[PDB]
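S.K.:
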Amino acid sequence: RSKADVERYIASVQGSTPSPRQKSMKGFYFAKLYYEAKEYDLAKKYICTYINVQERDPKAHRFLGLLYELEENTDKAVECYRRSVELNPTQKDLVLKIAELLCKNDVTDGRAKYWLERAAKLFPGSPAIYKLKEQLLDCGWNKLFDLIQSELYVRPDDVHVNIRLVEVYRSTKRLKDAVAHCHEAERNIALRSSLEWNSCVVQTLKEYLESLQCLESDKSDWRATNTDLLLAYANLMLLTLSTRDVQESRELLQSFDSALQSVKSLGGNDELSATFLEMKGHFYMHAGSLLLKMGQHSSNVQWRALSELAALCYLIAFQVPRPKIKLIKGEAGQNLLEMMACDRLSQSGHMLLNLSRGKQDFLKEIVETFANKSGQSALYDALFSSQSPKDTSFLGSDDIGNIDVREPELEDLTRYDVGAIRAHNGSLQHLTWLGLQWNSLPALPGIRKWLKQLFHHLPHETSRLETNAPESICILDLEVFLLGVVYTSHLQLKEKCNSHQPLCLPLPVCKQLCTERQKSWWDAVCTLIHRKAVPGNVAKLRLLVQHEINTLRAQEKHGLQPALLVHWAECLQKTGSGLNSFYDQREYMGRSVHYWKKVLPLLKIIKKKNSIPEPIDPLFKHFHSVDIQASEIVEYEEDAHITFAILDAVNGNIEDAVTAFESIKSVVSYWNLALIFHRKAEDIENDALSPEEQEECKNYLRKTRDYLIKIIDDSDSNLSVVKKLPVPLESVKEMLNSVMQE
Amino acid sequence: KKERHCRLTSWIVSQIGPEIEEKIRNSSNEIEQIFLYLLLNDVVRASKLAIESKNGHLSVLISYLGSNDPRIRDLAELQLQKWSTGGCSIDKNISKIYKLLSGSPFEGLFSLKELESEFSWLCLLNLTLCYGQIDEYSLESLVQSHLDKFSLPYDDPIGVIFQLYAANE
Amino acid sequence: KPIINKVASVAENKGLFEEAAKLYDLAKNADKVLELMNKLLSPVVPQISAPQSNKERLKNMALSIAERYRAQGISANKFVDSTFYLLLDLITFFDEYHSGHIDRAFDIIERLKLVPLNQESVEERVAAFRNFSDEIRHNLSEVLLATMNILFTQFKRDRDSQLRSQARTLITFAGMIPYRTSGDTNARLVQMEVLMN
Amino acid sequence: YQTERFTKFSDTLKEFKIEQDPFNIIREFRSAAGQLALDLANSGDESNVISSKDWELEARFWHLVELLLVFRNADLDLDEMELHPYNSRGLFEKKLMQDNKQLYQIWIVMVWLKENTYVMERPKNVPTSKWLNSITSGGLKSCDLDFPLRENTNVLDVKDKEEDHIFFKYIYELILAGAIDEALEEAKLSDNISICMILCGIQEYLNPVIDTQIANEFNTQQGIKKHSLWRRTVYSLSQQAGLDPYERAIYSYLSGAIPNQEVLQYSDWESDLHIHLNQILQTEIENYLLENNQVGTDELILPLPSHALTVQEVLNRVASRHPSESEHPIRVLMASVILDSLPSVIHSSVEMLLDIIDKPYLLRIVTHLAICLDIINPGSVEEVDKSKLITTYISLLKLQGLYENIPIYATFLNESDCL
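Residue numbers (this note's numbering), protein chains in the order written: chain A, 2 to 743; chain B, 126 to 294; chain C, 414 to 610; chain D, 14 to 432.
1) Under 8 Å Cβ-Cβ, which residues of chain B neighbour residue 159 of chain D?
2) For chain A, is any of its Cβ atoms less than 9 Å away from the one on residue 296 of chain D?
3) When you check each C-beta in the segment 298 to 330 of chain D against every C-beta of chain B, which residues fall closer than 8 Å?
4) Excluding sequence positions up to five away, which residues of its chain have a Cβ less than 6 Å from the Cβ of residue 505 of chain A?
5) If you reduce the DSSP assignment to three classes, tell me which class residue 463 of chain A lands in.
6) Compute the beta-carbon to beta-carbon distance between residue 123 of chain A and residue 97 of chain A, rounded to the nearest angstrom, for a pair I have assumed lies under 8 Å.
7) May I ask you to verify whether the segment 59 to 74 of chain D touches the segment 482 to 502 of chain A, counting CB pairs closer than 8 Å and requiring at least 3?
8) What does residue 441 of chain A touch in chain C if you count any residue whose Cβ is under 7 Å from its own?
9) Name, please, each residue of chain A whose Cβ falls closer than 9 Å to the Cβ of residue 231 of chain D.
10) Can you list, in chain order, the residues of its chain whose CB lies under 6 Å from that of residue 711 of chain A, leaving out five sequence neighbours each side?
11) Counting beta carbon pairs with one atom in the segment 160 to 170 of chain B and one in the segment 179 to 191 of chain B, are three or more of them shorter than 8 Å?
12) Between the segment 572 to 583 of chain C and chain A, which residues of the former have a C-beta closer than 9 Å to a C-beta of the latter?
13) Which residues mark the beginning and the end of the alpha helix (DSSP H) in which residue 302 of chain A is found?
14) Please list the partners that residue 523 of chain C has in chain A, where partner means a Cβ-to-Cβ separation under 8 Å.
15) Which chain B residues are close to residue 214 of chain D, counting only those with a beta carbon under 8 Å from its beta carbon?
16) Tell me, please, whether the segment 589 to 596 of chain C touches the segment 550 to 559 of chain C by the rule of three or more beta-carbon pairs shorter than 8 Å.
17) Taking beta-carbon pairs under 9 Å, can you tell me which members of the segment 298 to 313 of chain A lie near chain C?
18) State whether the segment 539 to 548 of chain A contacts the segment 33 to 47 of chain D, with contact taken as three or more CB pairs (one from each stretch) at a distance under 8 Å.
19) Please name the residue or residues paired with residue 458 of chain A in a DSSP beta bridge.
20) Identify the residues that DSSP records as bridge partners of residue 325 of chain A: which are they?
21) Find the residues of chain A that neighbour residue 530 of chain C, judging by a C-beta separation of less than 8 Å, and give them in chain order.
22) Does the distance from the C-beta atom of residue 390 of chain D to that of residue 525 of chain A stay below 9 Å?
23) What are the boundary residues of the alpha helix (DSSP H) that residue 422 of chain A is part of?
24) For residue 520 of chain C, would you say it is in contact with chain A, using Cβ-to-Cβ distances shorter than 9 Å as the test?
25) Return the residue from the list D:181, D:39, D:342, D:115 that minimises the CA-CA distance to residue 139 of chain D.
26) Use the C-beta contact count for residue 142 of chain A: other C-beta atoms within 10 angstroms, 16 or more gives buried, fewer gives exposed.
27) Which stretch, first to last residue, makes up the alpha helix (DSSP H) that contains residue 198 of chain A?
28) Using a Cβ cut-off of 9 Å, pull out every chain D residue sitting near residue 480 of chain A, in sequence order please.
29) When DSSP labels each residue in this structure, what does residue 229 of chain B get in the three-state scheme?
30) Which residue comes first and which comes last in the alpha helix (DSSP H) that contains residue 277 of chain D?
31) Residue 675 of chain A and residue 705 of chain A look like a contact to me (Cβ under 8 Å); what is the Cβ gap, rounded to whole Å?
32) For residue 140 of chain A, count neighbouring Cβ atoms within 10 angstroms of its own Cβ and tell me buried if that reaches 16, exposed if not.
33) Alpha carbon to alpha carbon, how far is residue 128 of chain A from residue 244 of chain A? Give it in angstroms, no decimals.
34) Using a Cβ-Cβ cut-off of 9 Å, state whether residue 212 of chain B counts as contacting chain D.
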């Protein structure tokens with residue numbers, strides 16, 4: 002548009018509605034286009050005339066206030082917002098604005114204070130609220146300090162406020178207190194995950210090292226503060242790699258390597274030495290992740306060479322032993338250090354594998370070719386510019402001795418993951434990554450154990466299942482949730498690459514793998530459970546969780562594709578069928594039967610080749626990639642009937658369970674048939690009782706033996722059956738040994 | 126169709142205006158006045174007088190005149206049959222008003238046809254056109270419906286025009 | 414049902430497809446509606462959709478038949494039906510391509526899995542072309558060129574290796590496929606790949 | 014067994030974290046509380062009737078939460094409605110409810126309020142026909158509702174009035190419950206045709222033919238064109254005494270007014286709040302219509318108030334009118350949700366742990382709500398507040414000896430490390 006387009010429309014509606022009232026009632030819609038044509042002295046008079054006839058419109062009044070804001074006329078802009086706010090109270094964002102503008106222009110009047118109080122209760126403890134609290138105070142040093150401290154009491158997890166405390170300490174040049182709080186705050190799990198906080202941590206420490214106060218004071222605690230810098234570097238590196246661009250991440254590596262080189266000389270056998278050990282591993286791991294980031298964008302020749310280089314890095318990291326935990330002063334410190342160790346082994350572990358699955362014993366070649374010191378120079382070359390002095394760089398001086406070149410064992414990997422769930426504050430990013438990394442492996446992850454490590458004493462299943470109130474959240478709900486998040490995530494990435502490996506991406510490099518909806522839910526239920534919510538936001542968080550519960554439980558209007566339900570059903574059956582206790586068996590089998598009972602009606606319509614009613618804004622994205630086909634229907638009906646029988650057996654309907662189990666000659670039905678025949682024998686096997694009954698009792702133990710043998714016979718013959726076993730093969734053999742010795 | 130209908134009925138009201146206003150001048154009974162206001166197609170003043178003369182329920186009922194709500198139609202007729210089967214006594218003008226709500230004020234069994242002798246033929250035709258069953262009928266077949274119930278004077282030309290209008294086919 | 418097919422049948426025999434479709438669609442005979450709709454679309458797939466054109470007037474009726482056939486769960490045999498919804502996707506691919514929305518248009522063609530972009534998919538995609546409706550094979554020439562010209566434009570704006578690899582893929586596919594104007598097309602495809610390097 | 018409770022809630026959380034939509038959590042929370050509400054209620058010590066009501070209340074809270082957060086959050090913005098002046102008032106009303114979310118929220122809340130309203134059982138032995146007693150005594154010269162209004166109420170037999178009372182009270186309860194269809198059925202079937210007809214005036218005018226954009230929902234014109242009239246007519250009728258107090262109450266509700274004292278004195282927090290939101294709503298629509306010249310001057314028979322309250326203020330007034338009820342801790346949350354000041358109140362009751370410990374439901378509810386919130390709206394409740402809440406609730410899972418299900422709640426902090 003131009004000046005002609007808008008001023009010519011004057012004659013357009015002037016010739017359609019010529020009376021003064023309708024001429025002025027079009028002022029807002031006249032002014033609508035002058036704001037777009039960069040006319041603010043003109044747009045002002047157009048809207049102001051519509052306000053002369055439509056004086057009760059909150060939109061028009063705000064629009065003039067927003068226009069007076071561009072004019073920087075605070076007194077006029079504020080008044081306009083006031084009118085729109087008093088007309089319509091639901092305009093929260095305007096209550097902030099008024100409070101925001103009143104504190105910036107002049108604080109002498111209490112009106113600025115009043116509007117700030119309201120702004121606080123509309124946005125409980127938002128980042129802007131404190132900003133305004135500091136602004137109002139600005140219009141003395143001790144005064145500011147008390148605000149931050151009183152603010153930190155109730156908001157200790159606020160990144161910005163804690164940063165300001167370090168800045169206030171630094172302004173009074175009492176850096177020892179700055180690091181002291183910086184050290185006591187590196188125990189906070191939330192702050193450790195904040196990119197901007199860790200950046201502040203790196204500076205305030207370095208400043209203290211060079212500070213005159215560090216030398217004069219003493220050289221005893223010098224080592225203590227030095228440890229935190231390395232820790233900060235590791236956290237900062239993890240975060241910078243994910244969010245920041247290629248250039249910034251590489252630059253952080255040089256500071257990390259400089260610190261490592263400056264630290265190794267002291268050595269010793271204390272926390273600092275142990276910290277250097279674990280941080281050393283992180284360096285290569287992140288360096289490997291850093292390497293893979295560059296190659297992804299680059300060509301194929303560089304990719305293989307870089308991935309080759311990265312594989313060595315991850316390998317170096319994985320080899321590094323578990324740090325000496327006992328050697329730390331406190332329980333918090335040592336637990337932290339171990340947590341990071343698990344994270345290192347887990348992340349590097351999966352990467353090592355995903356890179357080694359590409360070829361046969363691909364790992365062996367990597368070591369045999371690049372473990373040579375020539376690789377050390379090829380690594381420094383690709384990562385850094387050769388101009389920097391290669392003497393004080395830790396990378397160039399490390400003694401790469403006897404690389405284990407042994408691929409990781411799954412069992413070890415599981416306990417690394419489980420121990421590192423709390424590494425990144427259980428971000429759904431973290432878990433959705435792990436869940437995907439295990440999606441390609443033959444052994445499945447202990448999700449139920451992950452959740453127990455996060456939400457302690459959260460019941461497996463809530464008694465009050467009738468309602469969806471989120472006080473009834475259960476580890477099953479979460480377990481059911483993560484399954485969909487990963488099943489959804491995998492399909493989304495599968496679709497992406499098809500248009501354009503998905504497993505090979507390292508955790509920092511990849512972007513959000515879940516929908517912001519899913520992430521919002523997890524963050525909500527997490528903040529709620531851990532009791533780090535906000536009294537004001539409690540009701541909102543609570544409802545946000547409540548919204549999705551009815552889907553995790555397949556209730557009214559669940560956005561669940563039939564394939565995802567089936568996946569939930571079987572994934573819970575086999576998860577539960579391998580559990581030892583009855584409580585857990587019952588619960589997981591119950592939910593599995595539940596989801597089954599919801600699918601079968603859909604499968605029957607799908608069985609006759611009809612259409613499923615597609616969802617409305619589903620929580621778990623539908624995909625035709627995994628849409629159920631008639632070829633697989635009869636199998637699910639069968640696999641479901643097993644899940645029914647299993648629950649019947651656990652409840653007590655043995656007669657119907659056996660009748661069903663025997664109907665289908667499946668490997669799993671044997672283990673169930675055997676397991677329940679053994680129980681009927683063992684209890685009655687040795688007490689004084691009718692001899693005829695004793696013979697019938699022994700007869701069952703004879704059936705147990707036979708079914709276990711059928712399992713092993715069919716198992717050893719075919720591999721596909723080995724994977725169908727509801728429990729491990731060695732566990733089946735274990736029972737048989739005891740069964741026959743009975 | 127709505128436009129045409131509205132103009133025709135505004136015009137008829139222009140014509141019958143003084144006749145009815147005279148009649149309202151001479152009435153000694155409030156409910157009768159309410160009815161006459163309905164004769165001038167003034168639902169609001171009927172409702173108001175009802176309100177004022179303490180006839181409030183009727184007043185509410187009145188507000189339906191000119192929406193053709195078939196529910197209200199069959200309900201009004203029902204009330205009328207129940208009265209006209211026992212109903213020891215119902216006020217002479219309330220029944221008239223209910224008959225208007227019935228949508229078939231002559232076409233009926235509580236019929237306003239006898240008002241043939243008290244009102245201009247045009248006045249009654251106004252009743253058919255305003256209440257009468259506007260939506261279901263075309264203007265023509267509606268007018269025709271009315272004419273089928275009453276012979277007009279041969280010599281009257283505004284009569285003739287209505288007949289030619291309704292005669293359509 | 415019979416006469417509507419009788420009247421639809423003759424008008425079909427008189428090349429009045431746009432009418433025979435409306436008539437067959439009146440009797441809810443989707444086997445014939447989608448058949449004819451396949452013929453009316455294939456010629457106009459790569460064309461420029463402009464106001465009041467023959468593309469708009471046919472695309473807009475095809476979409477009005479796609480909704481009413483999904484909302485009512487109607488469909489012809491998968492051969493006729495698959496081709497019908499496939500053309501509708503392609504018509505969207507060129508409407509986005511002719512508008513300059515390169516990124517958006519590239520994403521659509523990727524979903525269809527019609528043209529291979531990674532060397533591994535060449536074997537299966539080549540086999541699929543053999544049994545795809547000739548109303549699709551006809552427009553293969555314009556699809557390869559648009560897709561190439563898409564990668565071609567994105568190149569002038571690692572990623573370079575990825576485009577280069579995909580460029581190659583299109584060529585080998587086109588090399589193994591005998592199709593319309595394979596001569597001029599296969600040559601142009603190779604030239605555009607050379608300029609990339 | 015009942016000391017199972019926490020399981021149910023915990024159970025729901027399990028299922029959610031494990032099928033990796035979150036609105037189901039809350040839906041289940043609701044059902045859970047409702048199920049429990051039934052347990053304590055059926056056969057119980059009269060110490061249980063109290064905590065039974067605190068569960069029913071619990072449940073209603075989860076429901077309200079679901080409704081509002083579903084509407085607010087599942088907001089994916091649809092297509093704007095383009096009206097013309099020729100369009101009926103019906104369409105303008107619809108447009109209003111589409112475009113103004115602040116006000117639709119009021120609707121949502123009223124719907125919830127109605128949902129949970131008590132209605133008496135249908136009156137038995139209802140008589141064959143209306144005012145039969147007066148007719149039989151002789152002395153009804155007219156059989157129309159307005160006859161005893163035209164001249165002294167002494168006309169109507171006592172028993173007839175007593176029955177009219179039974180009727181109008183029942184109709185009123187049904188109206189407050191949203192049971193408009195049932196009210197029309199009762200009117201029809203109980204020989205109250207004229208009252209029925211009155212209830213039909215509730216609808217604004219639509220014509221499927223003119224108002225095209227609803228030619229789906231309707232095949233026939235319906236509703237009444239001169240509604241501002243209707244409304245004054247009803248309101249005036251409502252102010253005319255010598256009518257039964259419940260009948261007047263009905264007309265009050267229909268006109269967007271506040272029913273007479275005799276009836277209003279028995280209305281509780283919910284009932285009263287409902288009444289006043291109805292008022293806000295009615296006033297706001299009629300104003301919307303005036304700002305668009307869809308009201309005709311002839312119809313402004315009478316003055317009705319034009320100034321709509323804010324939900325904030327209605328709540329404040331109803332609060333001061335029902336302090337006991339107002340102050341009940343889940344009903345405070347109810348209001349907090351209604352005003353959206355919800356994390357606001359979370360952080361608040363958090364600081365009340367630093368007479369919240371005295372009532373058992375509270376600490377649980379706030380925690381599970383906070384969880385739900387941050388699930389549905391990541392960021393919602395301050396990280397710290399989640400920590401504090403779960404910390405304290407977990408220590409109660411310990412005091413109850415249900416360590417079994419603590420990991421589930423852990424899944425929200427790296428602080429979990431410390432367990």
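Don't be surprised by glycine CBs; every beta carbon is placed ideally from N, CA and C.
M.R.: According to the data block:
1) For residue 159 of chain D, the chain B residues whose Cβ falls inside 8 Å of its Cβ are 175, 179, 180, 181, 182, 183, 184, 219, in order along the chain.
2) No, residue 296 of chain D lies away from the interface with chain A (no Cβ there is under 9 Å from its Cβ).
3) Listed by position, the residues of the segment 298 to 330 of chain D near chain B (Cβ gap below 8 Å) are 311, 312, 314.
4) If you ignore the 5 residues before and after residue 505 of chain A, its C-beta comes within less than 6 Å of the C-beta of 355, all in its own chain and listed in chain order.
5) The answer is strand: DSSP assigns residue 463 of chain A an E or B state.
6) Contact between residue 123 of chain A and residue 97 of chain A is confirmed by a C-beta separation of about 7 Å, below the 8 Å threshold.
7) They do not touch, by the three-pair rule.
8) Per Cβ cutoff of 7 Å: no residues; residue 441 of chain A is ~17 Å from chain C at best.
9) Simply none; closest approach about 23 Å.
10) Correct list, in chain order: 671.
11) By the Cβ test, the segment 179 to 191 of chain B is in contact with the segment 160 to 170 of chain B, since at least three Cβ pairs between them sit closer than 8 Å.
12) Answer in chain order: 572, 573, 574, 575, 577, 578, 579.
13) Element bounds for residue 302 of chain A: 301 to 320.
14) The contacting residues are 499, 500, 501.
15) Residues of chain B passing the Cβ test: 185, 188, 189.
16) The segment 589 to 596 of chain C, when compared against the segment 550 to 559 of chain C, does touch it at the 8 Å Cβ threshold.
17) Residues passing the 9 Å Cβ filter: 298, 299, 300, 301, 302, 303, 304.
18) The segment 539 to 548 of chain A, when compared against the segment 33 to 47 of chain D, does touch it at the 8 Å Cβ threshold.
19) D:417, D:419, per the DSSP bridge assignment.
20) The partner list for residue 325 of chain A (beta bridge, DSSP) is empty, contrary to what the question assumes.
21) Near residue 530 of chain C (Cβ distances below 8 Å), the residues of chain A are 500, 501.
22) The beta carbons of residue 390 of chain D and residue 525 of chain A sit closer together than 9 Å.
23) Unbroken run through residue 422 of chain A: none, as it is neither H nor E.
24) Yes, because at least one Cβ of chain A sits closer than 9 Å to the Cβ of residue 520 of chain C.
25) The residue among D:181, D:39, D:342, D:115 with its C-alpha nearest the C-alpha of residue 139 of chain D is D:181.
26) By the Cβ-count criterion, residue 142 of chain A is exposed, with fewer than 16 other Cβ atoms from all chains shown falling within 10 Å of its own Cβ.
27) The continuous alpha helix (DSSP H) containing residue 198 of chain A extends over residues 196 to 211.
28) Listed by position along chain D, the residues whose Cβ is nearer than 9 Å to that of residue 480 of chain A are 27, 28, 29, 30, 31, 32, 33, 421.
29) Residue state, collapsed to three classes: coil.
30) That run of the alpha helix (DSSP H) goes 274 to 277.
31) Sure, about 5 Å apart at Cβ, within 8 Å.
32) By the neighbour-count rule (16 or more Cβ atoms within 10 Å), residue 140 of chain A is not buried but exposed.
33) Distance between the alpha carbons of residue 244 of chain A and residue 128 of chain A: 21 Å.
34) Under the Cβ distance rule, residue 212 of chain B counts among the residues neighbouring chain D, one pair being separated by less than 9 Å.
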